[PDB]
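Read the structure below first, then the notes.
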Amino acid sequence: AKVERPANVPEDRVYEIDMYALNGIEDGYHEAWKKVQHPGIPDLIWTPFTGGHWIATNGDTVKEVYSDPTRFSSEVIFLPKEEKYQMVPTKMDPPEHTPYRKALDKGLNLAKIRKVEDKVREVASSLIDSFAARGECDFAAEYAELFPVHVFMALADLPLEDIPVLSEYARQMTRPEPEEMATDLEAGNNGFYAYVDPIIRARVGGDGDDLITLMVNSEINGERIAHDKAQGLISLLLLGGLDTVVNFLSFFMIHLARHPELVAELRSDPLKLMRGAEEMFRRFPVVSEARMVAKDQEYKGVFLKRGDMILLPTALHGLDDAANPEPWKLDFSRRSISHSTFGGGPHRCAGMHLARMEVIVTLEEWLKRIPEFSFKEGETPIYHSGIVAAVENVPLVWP
Ligand code: HEM
């Protein structure tokens with residue numbers, strides 16, 4: 001399914017790139033995006049796949065497209081253009097976006113995340129305890145996939161024995177399953193809604209500092225937030241911290257499994273581990289959402305029309321050597337860490353302080369128990385591209 005070239009796309013900007021099926025994806029997600037970003041590639045290219053859209057191809061363009069809601073709107077953020085779930089406020093621009101973002105920040109700000117450290121550490125040390133003694137696990141299935149849900153429960157103050165039902169709804173909400181995932185999506189979305197509904201009402205007026213009470217008792221323009229807007233926000237809190245983290249955790253663990261020497265460095269320098277979370281985010285970005293050109297305008301040599309879509313592969317910032325010299329090296333002494341792994345502008349990831357915390361703590365709790373490890377011989381991870389980079393089959397071994 002290719003669309004005809006529109007009149008505002010010159011011939012020399014056309015590249016045949018399927019964001020869901022990248023040339024070479026089986027050698028890795030980052031490798032495959034980077035093979036797109038050949039030397040001399042124009043800042044903005046265009047593809048007939050996935051509805052036809054432009055793609056920002058370097059750090060400079062990704063940053064700029066991410067950070068000007070006047071020129072590039074969150075009205076449509078997914079490709080292909082199709083959208084029934086608002087997921088507010090991820091599709092609002094300022095000023096609409098702003099009070100919803102303020103509710104989100106009440107649960108996710110840096111000072112708040114500090115106090116949640118011990119619970120996150122308790123999750124990580126628990127998960128790892130399950131298999132430390134074995135000398136083997138599939139990191140993807142036995143840690144990565146389990147960790148974010150477990151963190152949500154602690155953060156939303158939810159009974160741990162509801163993990164099976166929430167995991168099911170998350171599976172349906174994040175990776176739905178022709179051409180009716182409509183039904184699959186709705187099972188996830190509606191089920192989660194029914195699940196949280198009474199906790200929302202019992203937590204109004206409440207004094208807990210969990211995410212649900214925090215969201216439900218928030219104000220939007222002088223009034224307390226609509227019941228359902230609060231449902232939307234809480235659901236967003238669940239999703240946002242799921243798919244990004246599941247996959248991001250596996251990507252760096254794969255890397256560390258294949259770099260025992262880098263493992264020794266971290267293991268020996270606690271503070272260097274702790275201070276190099278940024279470097280990890282630069283090196284393993286996972287998201288490529290989109291912005292909608294908000295109004296006709298000239299940009300990067302071309303004429304964009306209101307309604308055009310620009311894909312923002314965050315991998316093309318972190319791995320851009322115009323931004324970070326020697327971008328393939330995971331360098332914990334890297335002085336200047338330029339990336340858009342969390343996006344930019346007003347929608348810049350609300351979970352970034354949590355994310356940094358989860359990744360550091362995972363890594364500390366990992367090396368306390370498993371100082372040395374490698375990837376199981378004769379195995380290879382399986383990758384997918386799309387909105388969020390996917391990896392599985394991360395069997396790891398240790399003495
Ligand atoms: C590896 C970790 C993560 C990465 C790489 C990541 C990436 C991103 C990016 C790129 C965006 C911007 C989407 C856009 O508008 O284009 C975003 C938004 C968001 N993320 Fe994260 N994220 C991560 C972890 C988390 C976590 C742990 C949470 C916790 C709930 C979270 C919650 C959110 C929320 C609520 C938004 C919407 C913010 C807004 O639209 O104002 N994320 N994330």
Side-chain angles (χ1 to χ4, degrees), residues 29 56 62-63 65-69 72-79 86-110 112-113 116 120 123 144 147-156 170 174 210-212 214-215 232-253 277-278 280-292 309-318 339-362 387-389 391:
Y29 171 81
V62 171
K63 263 178 315 195
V65 180
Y66 250 118
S67 74
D68 186 348
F72 319 103
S73 153
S74 282
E75 195 165 358
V76 185
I77 55 153
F78 299 127
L79 277 171
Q86 226 63 94
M87 264 281 111
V88 358
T90 62
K91 299 195 273 156
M92 286 153 180
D93 301 314
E96 283 81 13
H97 163 77
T98 306
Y100 292 100
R101 186 45 193 255
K102 134 67 26 252
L104 298 180
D105 305 327
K106 305 216 257 42
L108 289 175
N109 72 256
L110 200 163
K112 191 81 169 43
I113 298 313
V116 110
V120 174
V123 163
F147 176 90
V149 65
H150 263 94
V151 160
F152 182 72
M153 313 301 278
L155 295 209
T174 64
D210 64 89
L211 298 177
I212 286 147
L214 246 23
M215 296 310 105
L233 251 35
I234 286 154
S235 143
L236 180 58
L237 292 166
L238 177 67
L239 267 23
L242 218 146
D243 232 13
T244 43
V245 174
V246 175
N247 289 296
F248 181 90
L249 288 174
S250 290
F251 278 115
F252 77 74
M253 289 304 276
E278 273 299 86
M280 280 191 279
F281 296 124
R282 175 196 64 80
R283 180 43 183 81
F284 310 109
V286 291
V287 181
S288 30
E289 276 182 52
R291 281 305 177 266
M292 186 191 87
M309 303 292 305
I310 307 176
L311 183 70
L312 307 163
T314 63
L316 292 196
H317 186 166
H339 75 72
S340 295
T341 286
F342 292 126
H347 293 276
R348 193 167 223 117
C349 173
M352 72 175 274
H353 317 292
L354 185 49
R356 158 185 190 286
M357 173 91 311
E358 301 174 317
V359 164
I360 299 178
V361 163
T362 292
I387 301 293
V388 186
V391 220

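All ligand and atom numbering here is 1-based and tracks the order in the structure. Numbers for residues simply follow the sequence, beginning at 1. Basis for what follows: all heavy atoms, side chains included, without hydrogens, waters or symmetry-related copies.
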Exercise for the section: Would you sort out whether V286 and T314 count as a side chain to side chain contact (heavy atoms under 4.5 Å, CB included), showing the intermediate values? Expected result: CA-CA 7 Å; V286 291; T314 63; over 6 Å; no
Exercise for the section: Using the side chain to side chain contact (heavy atoms under 4.5 Å, CB included) rule, take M215 and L104 through it: C-alpha gap first, then chi angles, then the decisive distance, then the call. Expected result: CA-CA 7 Å; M215 296 310 105; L104 298 180; 4.2 Å; yes
Exercise for the section: Take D93 and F72 through the test side chain to side chain contact (heavy atoms under 4.5 Å, CB included) and record every step on the way to the result. Expected result: CA-CA 9 Å; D93 301 314; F72 319 103; over 6 Å; no
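Without hydrogens or angle criteria, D105 side chain to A350 main chain gives no donor-acceptor distance under 3.5 Å. Side-chain N or O atoms of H347 include one that pairs as donor or acceptor with a backbone N or O of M92 at under 3.5 Å. A donor-acceptor contact shorter than 3.5 Å links the side chain of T341 to the backbone of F281. Between the side chain of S67 and the backbone N or O of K63, at least one donor-acceptor pair lies under 3.5 Å. For the pair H317 (side chain) and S340 (backbone), a donor-acceptor distance under 3.5 Å is present.
Every atom of ligand 1 is numbered from 1 in the order shown, and the set under 4.0 Å from a heavy atom of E358 is 27 (C). Of all the atoms in ligand 1, the ones that sit under 4.0 Å from a non-hydrogen atom of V245 are 2 (C), 24 (C), 27 (C). Close contacts of ligand 1 with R101, meaning ligand atoms under 4.0 Å from a residue heavy atom, involve 38 (C), 39 (C), 41 (O). Every atom of ligand 1 with a heavy atom of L236 under 4.0 Å away is listed here by number and element: 35 (C). Close approach of ligand 1 to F248 is summarised as follows: ligand atoms under 4.0 Å from at least one heavy atom of the residue are 1 (C). Near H97, the atoms of ligand 1 lying under 4.0 angstrom from a non-hydrogen atom of the residue are 39 (C), 40 (O), 41 (O).
Atom 12 (C) of ligand 1 has its closest protein heavy atom at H347 O, 3.7 Å. Atom 37 (C) of ligand 1 has as its closest protein heavy atom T90 CG2, 3.9 Å. When only non-hydrogen protein atoms are considered, atom 15 (O) of ligand 1 lies nearest to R291 NH2, 3.0 Å. Closest to atom 30 (C) of ligand 1 among all protein heavy atoms lies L237 O, 3.2 Å.
Within the model, atoms CG of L233 and OH of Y100 stand 8.0 Å from one another, a figure rounded to the nearest 0.5 Å. Atom NZ of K91 sits about 4.5 Å away from atom CD of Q86, to the nearest 0.5 Å.
When the side-chain contact (heavy atoms from CB on, under 4.5 Å) test is applied to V76, the partners found at least two apart in sequence or on another chain are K81, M292, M309.
Both the backbone and the side chain of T341 come within 4.0 Å of ligand 1, judged by heavy-atom distances. Using a 4.0 Å cut-off between heavy atoms, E289 contacts ligand 1 through its side chain alone, with no backbone atom that close.
Among all heavy-atom pairs drawn from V116 and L354, the shortest one is CG1-CD1, 4.5 Å.
Considering both main-chain and side-chain atoms, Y66 comes within under 3.5 Å of ligand 1 through a nitrogen or oxygen pair.
Residue-and-atom listing of protein N/O/S atoms under 2.8 Å from atom 21 (Fe) of ligand 1, sorted by chain and number: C349 SG.
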